[PDB]
Amino acid sequence: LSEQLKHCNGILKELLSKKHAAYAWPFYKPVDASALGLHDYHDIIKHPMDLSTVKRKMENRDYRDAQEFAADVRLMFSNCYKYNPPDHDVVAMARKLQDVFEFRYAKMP
Amino acid sequence: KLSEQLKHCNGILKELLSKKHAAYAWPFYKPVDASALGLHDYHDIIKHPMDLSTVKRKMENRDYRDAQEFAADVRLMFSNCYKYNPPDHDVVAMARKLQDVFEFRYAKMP
Amino acid sequence: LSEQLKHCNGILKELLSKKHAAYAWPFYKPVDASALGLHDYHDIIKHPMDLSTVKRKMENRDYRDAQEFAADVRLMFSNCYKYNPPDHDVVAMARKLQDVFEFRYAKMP
Amino acid sequence: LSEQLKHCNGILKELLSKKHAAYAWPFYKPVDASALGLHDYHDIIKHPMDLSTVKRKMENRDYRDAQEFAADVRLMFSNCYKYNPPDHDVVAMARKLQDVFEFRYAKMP
Ligand SMILES: Cc1cc(F)cc(C)c1Oc1ccc(C(C)(C)O)cc1-c1cn(C)c(=O)c2cc(-c3cnc(-c4ccccc4)[nH]3)oc12
Ligand SMILES: Cc1cc(F)cc(C)c1Oc1ccc(C(C)(C)O)cc1-c1cn(C)c(=O)c2cc(-c3cnc(-c4ccccc4)[nH]3)oc12
Ligand SMILES: Cc1cc(F)cc(C)c1Oc1ccc(C(C)(C)O)cc1-c1cn(C)c(=O)c2cc(-c3cnc(-c4ccccc4)[nH]3)oc12
Ligand SMILES: Cc1cc(F)cc(C)c1Oc1ccc(C(C)(C)O)cc1-c1cn(C)c(=O)c2cc(-c3cnc(-c4ccccc4)[nH]3)oc12
Ligand code: NA
Ligand code: NA
């Protein structure tokens with residue numbers, strides 16, 4: 001449904017909005033593993049995902065339905081939990097942004 | 001009878017049911033008692049109720065095809081809670097704390 | 001071959017280099033159809049491609065071989081030719097950058 | 001590259017190296033002011049600068065001498081000090097990276 005993907009577009013705009021910027025910013029663009037010297041990042045994370053990639057896929061009309069959109073957003077969070085120790089700042093930030101995502105996604109008509 | 005991935009999923013379920021998480025897991029142990037709570041619209045809004053006892057029985061019955069089906073049921077349980085409730089309800093805060101345990105352990109699956 | 005994709009990474013770095021910026025810049029990021037007022041862009045171009053997308057796919061190890069890399073770079077140029085009239089400045093820039101790409105790609109060991 | 005610009009290239013490689021990544025990463029690419037909701041960033045900062053811009057200029061042989069290189073690196077730090085309050089994490093990181101830069105630059109033959 002166009003209606004479902006319109007709601008998904010609204011969720012993405014919320015995740016990218018200034019009120020969430022203090023915990024969303026690590027997810028705005030791909031993790032720059034090369035720049036950070038994370039030589040194992042692409043060994044451990046086979047399918048990187050970030051909000052810019054989700055936005056481009058939405059603009060390109062690449063999502064068949066809301067479930068495909070949700071799978072990419074959850075992949076982004078799962079990658080973060082998979083790669084990082086539980087006490088890293090970025091894990092606390094992922095959890096805060098995921099709470100926003102899961103709540104808005106659950107309210108989809 | 002359980003695959004390596006579904007054995008890890010069984011370990012996650014045992015953790016979600018364990019005493020250390022009881023202070024925020026207990027609302028998810030059994031079905032939402034809509035009658036007792038006076039929730040006359042609960043089953044109008046939530047078409048597919050799910051709780052940890054349902055997931056446990058499906059695991060014991062070997063009803064899960066793979067880890068993704070397990071994760072879908074656990075996320076359905078949390079999504080039902082977010083769908084029905086306002087964001088400031090105590091049960092939503094509890095759902096978020098338990099979901100953080102689930103998502104972290106699920107992501108670390110060999 | 002790792003060797004082939006290493007050469008492809010060298011080609012991408014050349015396409016992104018300052019010496020080609022005068023004709024490469026329209027290809028650095030996805031076409032901003034909203035900003036340009038291009039209401040039909042995503043109706044006509046079903047599979048957008050740009051050098052930032054190619055770079056992310058390379059870093060993610062999404063390319064199986066040099067041929068898959070070349071197919072995405074040629075898709076980027078083909079989208080530009082498909083959407084635009086032959087006298088548009090962006091078509092002249094696409095041709096100049098494609099000459100750099102085709103020449104370097106042909107010289108691959 | 002001249003002898004002095006070869007030393008400047010060695011400084012750039014050090015600033016981009018893994019040992020400094022914990023405080024260098026905010027300077028790797030242009031500040032994404034739009035993504036962070038910093039609506040006034042380009043009103044306050046007239047000449048953005050970052051290590052990727054310096055690296056592209058160095059690769060293109062655009063620096064006339066070591067002083068032009070030093071001016072761009074100091075502009076990057078000055079932009080950070082100009083825009084930010086003194087207690088922001090990014091200001092502490094700028095100071096740590098600038099200490100590496102100033103020390104190595106001073107030792108240039
Ligand atoms: C969010 C965050 C806070 C912080 F204080 C330091 C870092 C490095 C940090 O994470 C990032 C900062 C910048 C970027 C850019 C913009 C360069 O792409 C990415 C991250 C980052 C994002 N995500 C989603 C991660 O999962 C992740 C992991 C790491 C990381 C960096 N260093 C480690 C690390 C190093 C040694 C041992 C174990 C982990 N892990 O950095 C990020
Ligand atoms: C955890 C919790 C704390 C609290 F202070 C009040 C309630 C109702 C609460 O949640 C439950 C308490 C008991 C039970 C029993 C054991 C009787 O089944 C269930 C819940 C409960 C669990 N789940 C998973 C829910 O999604 C949910 C929703 C509600 C609920 C009750 N009232 C509301 C509500 C109030 C105002 C506006 C909208 C919804 N929502 O209660 C539960
Ligand atoms: C390069 C260039 C020169 C120019 F004079 C005018 C434009 C629009 C132009 O192209 C772009 C300028 C900016 C951007 C941004 C940065 C906003 O994303 C994109 C383009 C651009 C890139 N690509 C790859 C294109 O294929 C394309 C097509 C168009 C375009 C805009 N208007 C037309 C057009 C006009 C009349 C009839 C048919 C098409 N075509 O703009 C771009
Ligand atoms: C380094 C750092 C730590 C942190 F906890 C939060 C932020 C926002 C941060 O800075 C950045 C994080 C990500 C990025 C990306 C990769 C998105 O481009 C950039 C910065 C960042 C880099 N530089 C060089 C800055 O000067 C700057 C300033 C800010 C910033 C964000 N918010 C403020 C601010 C807040 C209140 C009053 C004034 C300024 N300043 O963020 C950056
Ligand atoms: Na060919
Ligand atoms: Na900006």
Side-chain angles (χ1 to χ4, degrees), chain A residues 26-27 31 33 38-50 67-99 101-102 105-106, chain B residues 1-31 48-82 94-110, chain C residues 60-62:
Chain A
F27 305 100
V31 175
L38 273 26
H39 308 299
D40 60 350
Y41 185 79
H42 293 287
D43 292 331
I44 293 164
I45 302 308
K46 304 299 184 184
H47 302 293
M49 187 55 54
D50 68 287
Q67 295 97 298
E68 287 188 359
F69 168 82
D72 273 350
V73 175
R74 290 184 177 139
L75 172 59
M76 176 181 81
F77 294 126
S78 291
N79 287 163
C80 183
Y81 308 139
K82 183 175 174 69
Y83 185 75
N84 293 294
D87 61 331
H88 198 294
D89 283 355
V90 74
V91 167
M93 293 161 94
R95 289 169 173 164
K96 286 181 193 173
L97 193 63
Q98 182 157 202
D99 288 345
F101 166 68
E102 292 294 342
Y105 186 65
Chain B
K1 268 167 286 134
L2 231 41
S3 69
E4 219 49 52
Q5 283 209 333
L6 283 175
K7 269 196 288 286
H8 299 313
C9 288
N10 201 44
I12 296 173
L13 181 60
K14 171 170 191 207
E15 165 96 334
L16 296 182
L17 286 171
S18 71
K19 246 47 157 61
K20 78 181 77 62
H21 301 301
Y24 40 93
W26 68 257
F28 305 100
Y29 287 165
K30 74 173 194 183
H48 301 293
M50 185 53 59
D51 69 71
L52 291 175
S53 79
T54 314
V55 175
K56 186 177 213 313
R57 278 190 293 279
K58 288 177 68 170
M59 187 65 64
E60 285 168 344
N61 296 348
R62 311 288 112 115
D63 286 337
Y64 287 119
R65 175 193 47 161
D66 54 33
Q68 295 98 299
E69 287 195 347
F70 168 84
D73 275 352
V74 174
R75 289 185 180 137
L76 171 59
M77 178 182 80
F78 293 127
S79 291
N80 288 163
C81 184
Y82 307 141
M94 292 184 181
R96 289 170 172 166
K97 287 190 186 150
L98 194 62
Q99 182 159 25
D100 288 345
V101 176
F102 166 68
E103 292 292 342
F104 200 76
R105 284 221 43 191
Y106 184 67
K108 299 296 195 188
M109 185 166 296
Chain C
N60 296 349
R61 310 177 183 167
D62 285 339

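Chain letters run A, B, ... following the sequence lines, proteins first, then strands; residues in each count from 1. Because only heavy atoms are used, hydrogens play no part in the values below, and waters and symmetry mates are left out as well, while side chains stay in.
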Peer 1: More than 12 non-hydrogen atoms from neighbouring residues, nucleotides or ligands closer than 6.0 Å to NZ on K108(B), yes or no?
Peer 2: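 Yes - once you tally the heavy atoms of other residues, nucleotides and ligands closer than 6.0 Å, there are more than 12.
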Peer 1: Near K7(B) NZ, under 6.0 Å, is it more than 12 heavy atoms from other residues, nucleotides or ligands?
Peer 2: yes
Peer 1: Quick check: closest heavy atoms across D43(A) and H39(A), and the distance to 0.1 Å?
Peer 2: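 For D43(A) and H39(A), the tightest heavy-atom pair comes out as OD2-O, 3.8 Å.
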Peer 1: Which heavy atom of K82(A) sits nearest a heavy atom of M109(B), and at what distance?
Peer 2: NZ-O, 4.1 Å
Peer 1: Hey, does the side chain of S78(A) reach the backbone of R74(A) with a donor-acceptor pair shorter than 3.5 angstrom?
Peer 2: yes
Peer 1: Any side-chain heavy atom of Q68(B) within less than 4.5 Å of one from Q5(B)?
Peer 2: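 Side-chain contact under 4.5 Å: yes.
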Peer 1: Checking side-chain contact (heavy atoms from CB on, under 4.5 Å) for the pair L52(B)/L98(B): CA distance, chi angles, key distance, verdict?
Peer 2: CA-CA 11 Å; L52(B) 291 175; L98(B) 194 62; 4.3 Å; yes
Peer 1: Quick one: are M76(A) and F27(A) in side-chain contact, heavy atoms under 4.5 Å?
Peer 2: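 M76(A) reaches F27(A) side chain to side chain.
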Peer 1: So do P110(B) and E4(B) actually touch side chain to side chain, heavy atoms under 4.5 Å?
Peer 2: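 Not touching, per the 4.5 Å side-chain cut-off.
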Peer 1: Taking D72(A) for its side chain and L75(A) for its backbone only, find out whether a donor-acceptor pair lies under 3.5 Å.
Peer 2: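 Judged by distance alone, no pair lies under 3.5 Å.
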Peer 1: Pair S3(B), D66(B) - check side-chain contact (heavy atoms from CB on, under 4.5 Å), show working.
Peer 2: CA-CA 8 Å; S3(B) 69; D66(B) 54 33; over 6 Å; no
Peer 1: State, with a plain yes or no, whether a side-chain heavy atom of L16(B) is found less than 4.5 Å away from one of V101(B).
Peer 2: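 Of all side-chain heavy-atom pairs linking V101(B) with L16(B), at least one is under 4.5 Å.
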Peer 1: State which residues pass side chain to side chain contact (heavy atoms under 4.5 Å, CB included) with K56(B); sequence neighbours excluded, sorted by chain then number.
Peer 2: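 Here the qualifying residues are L13(B), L17(B), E60(B).
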Peer 1: Go through the structure and list residues passing side chain to side chain donor-acceptor pair (under 3.5 Å) with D87(A), not counting sequence neighbours.
Peer 2: none
Peer 1: Of the non-hydrogen atoms in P27(B) and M94(B), which two are nearest, and what is the gap between them?
Peer 2: CG-SD, 3.6 Å
Peer 1: For residues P48(A) and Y41(A), report the shortest heavy-atom separation together with the two atoms involved.
Peer 2: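 Answer, listing the atom of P48(A) first, then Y41(A): CG-CE2, 4.5 Å.
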Peer 1: Hey, mind stepping through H47(A) and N60(C) against side-chain contact (heavy atoms from CB on, under 4.5 Å) and telling me if it holds?
Peer 2: CA-CA 7 Å; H47(A) 302 293; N60(C) 296 349; over 6 Å; no
Peer 1: As an exercise, state the distance from CD of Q99(B) to CD of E102(A), rounded to the nearest 0.5 Å.
Peer 2: 4.5 Å
Peer 1: Going from CD1 on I44(A) to CG on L38(A), what distance comes out if it is rounded to the nearest 0.5 angstrom?
Peer 2: 8.5 Å
Peer 1: Can you check whether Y64(B) reaches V55(B) side chain to side chain, under 4.5 Å on heavy atoms?
Peer 2: yes
Peer 1: Run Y82(B) and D99(A) through side chain to side chain donor-acceptor pair (under 3.5 Å) and show every step you take.
Peer 2: CA-CA 10 Å; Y82(B) 307 141; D99(A) 288 345; 4.9 Å; no
Peer 1: Are side-chain heavy atoms of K20(B) and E15(B) found at a separation under 4.5 Å?
Peer 2: yes
Peer 1: Report, as yes or no, whether the 6.0 Å neighbourhood of atom NZ on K19(B) holds more than 12 heavy atoms from other residues, nucleotides or ligands.
Peer 2: no
Peer 1: Is any side-chain heavy atom of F70(B) less than 4.5 Å from a side-chain heavy atom of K58(B)?
Peer 2: no
Peer 1: Should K1(B) and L6(B) count as side-chain neighbours, where that means a heavy-atom distance under 4.5 Å?
Peer 2: no
Peer 1: What is the minimum heavy-atom distance between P85(A) and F104(B), and which atoms define it?
Peer 2: C-CZ, 4.2 Å
Peer 1: What are the two closest non-hydrogen atoms of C9(B) and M59(B), and how far apart are they?
Peer 2: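 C9(B) and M59(B) have their closest heavy atoms at CB-CE, 4.0 Å.
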